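Undergrad: Pasting a structure below so you can have a look.
Number of protein chains: 4
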Amino acid sequence: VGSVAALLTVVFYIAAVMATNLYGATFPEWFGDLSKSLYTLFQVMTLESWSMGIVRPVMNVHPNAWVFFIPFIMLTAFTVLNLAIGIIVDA
Amino acid sequence: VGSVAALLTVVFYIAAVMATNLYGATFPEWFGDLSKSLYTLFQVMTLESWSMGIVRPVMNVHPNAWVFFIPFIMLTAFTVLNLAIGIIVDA
Amino acid sequence: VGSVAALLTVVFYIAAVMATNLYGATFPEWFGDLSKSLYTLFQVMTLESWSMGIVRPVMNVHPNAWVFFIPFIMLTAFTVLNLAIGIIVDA
Amino acid sequence: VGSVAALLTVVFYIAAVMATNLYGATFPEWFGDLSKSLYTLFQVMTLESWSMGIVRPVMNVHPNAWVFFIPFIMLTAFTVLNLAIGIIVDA
Ligand code: NA
């Protein structure tokens with residue numbers, strides 16, 4: 131259960147470093163510092179305005195931005211679901 | 131578990147072909163190419179701006195668009211939930 | 131499992147009759163016919179733009195609209211969660 | 131199961147008192163009265179427009195508002211998930 135929570139933190143930092151690099155210069159309010167990034171990725175992770183509010187405007191500059199965001203969503207939603215059941219089994 | 135993941139991909143391509151056909155000419159940024167469709171159907175699948183963002187503007191041209199989108203949502207949300215538990219049982 | 135699915139349909143029709151009555155005259159695009167209602171309640175049920183997009187504008191006319199929507203959300207989210215596990219137990 | 135539901139109500143009132151205090155004077159429509167707060171915290175709890183709708187505009191005045199909202203989200207989403215499974219185990 132704790133191994134999954136650690137794995138998520140590692141994945142979350144790698145993607146926030148990557149996003150900062152790719153979309154920072156073009157989208158500064160969303161991916162400027164690594165701090166702005168980790169916040170935006172959590173927002174995308176909870177699904178809140180992920181497409182109409184972040185991905186669609188980003189794709190208007192980077193047409194393949196979906197190759198980054200869609201897998202990140204599928205991964206973090208699977209990891210969170212796997213982490214959720216870990217607590218369920220332990221009880 | 132893998133049989134459900136394959137079934138979802140087949141259903142996702144059939145609906146992405148159908149939407150392209152029905153709402154393509156009228157809503158090109160959302161359903162123009164099959165690719166544009168697959169992206170918008172995933173957005174609808176995650177529930178992100180499905181109604182206010184997509185369905186409501188579409189229904190202003192196609193008043194029965196809800197006959198397509200509502201079942202797609204109920205189906206994909208059931209399939210994902212069934213796929214989620216498949217991994218849980220196997221653990 | 132089927133008893134819960136029937137219970138939800140009964141609850142969904144009662145609330146769509148009630149909403150049509152309360153907020154129809156003031157909010158016609160959202161609660162005009164019972165048809166417009168059943169669509170909006172499903173949108174609220176999936177959580178899509180429930181507060182900023184429906185409840186907050188409604189409360190600007192009906193300050194207690196939250197007494198209707200919040201319980202409907204808590205009820206339908208519990209019923210769907212109970213219906214979800216029903217399929218899980220049967221497998 | 132009932133102990134978790136009581137714990138959530140206590141946590142929801144403490145955060146609703148805190149938010150009222152911190153973001154009340156600056157954001158009155160969202161955190162003016164404790165009542166206005168309890169409604170906005172539930173909206174954030176369901177994830178509806180949490181970031182683009184509330185947190186991002188709040189952070190434009192209080193740059194560290196994320197220290198309050200992100201943990202509240204992680205806590206209430208864990209508590210609700212734990213409360214959900216409590217009913218599942220008892221069945
Ligand atoms: Na959502």
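Residue numbers (the entry's author numbering), protein chains in the order written: chain B, 131 to 221; chain A, 131 to 221; chain B', 131 to 221; chain A', 131 to 221. A prime marks a further copy of an entry chain. We put the CB at the ideal spot given by N, CA and C, even for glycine.
Measuring only the C-alpha atoms, how far is A'/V210 from B'/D163?
TA: Distance between the alpha carbons of A'/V210 and B'/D163: 34 Å.
Undergrad: DSSP three-state call for B/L177: helix, strand or coil?
TA: Coil at B/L177, not helix or strand.
Undergrad: Quick check: is any heavy atom of the ligand NA less than 7 Å from the C-beta of A/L205?
TA: Checking every heavy atom of the ligand NA against the Cβ of A/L205, none is found closer than 7 Å.
Undergrad: Assuming the contact rule is C-beta atoms closer than 8 Å, B'/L205 and B'/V131 should be a hit. Round their C-beta distance to whole Å, please.
TA: Going by Cβ atoms, the distance from B'/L205 to B'/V131 rounds to 18 Å, so no, they are not a contact pair.
Undergrad: Please state whether the Cβ-Cβ distance between B'/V197 and B'/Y153 is less than 8 Å.
TA: No, the pair does not count as a contact, with Cβ atoms beyond the cut-off.
Undergrad: Any Cβ of chain B' within less than 8 Å of the Cβ of residue 285 of chain A'?
TA: Lying before the first or after the last residue shown, residue 285 of chain A' is absent from chain A', which here runs from 131 to 221.
Undergrad: Cβ of B'/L177 within 7 Å of any heavy atom in the ligand NA?
TA: B'/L177: yes, Cβ under 7 Å from the ligand NA.
Undergrad: Does any C-beta atom of chain B' lie closer than 8 Å to the C-beta of A/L171?
TA: False, the Cβ-Cβ gap to chain B' never drops below 8 Å.
Undergrad: Does the Cβ-Cβ distance between A'/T176 and A'/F161 come in under 8 Å?
TA: Their beta carbons are not under 8 Å apart, which means A'/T176 does not touch A'/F161 by this criterion.
Undergrad: Since A'/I200 meets chain B, which of its residues come closer than 9 Å, beta carbon to beta carbon?
TA: The contacting residues are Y169 and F172.
Undergrad: How big is the Cα-Cα spacing for A/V147 and A'/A145?
TA: Going by the C-alpha atoms only, they are around 47 Å apart.
Undergrad: Which chain A' residues are close to B'/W196, counting only those with a beta carbon under 8 Å from its beta carbon?
TA: By Cβ distance, chain A' contributes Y169.
Undergrad: What did DSSP end up calling A/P158 once you bin it into helix, strand or coil?
TA: The answer is helix: DSSP assigns A/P158 an H, G or I state.
Undergrad: So which of B/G183, B/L171, B/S179 and B/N212 has the shortest CA-CA distance to B/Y143?
TA: Residue B/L171 is the option with its Cα nearest to B/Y143.
Undergrad: Quick one: grab the DSSP three-state call for B'/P201.
TA: In the structure shown, B'/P201 sits in a helix (DSSP, three-state: H, G or I).
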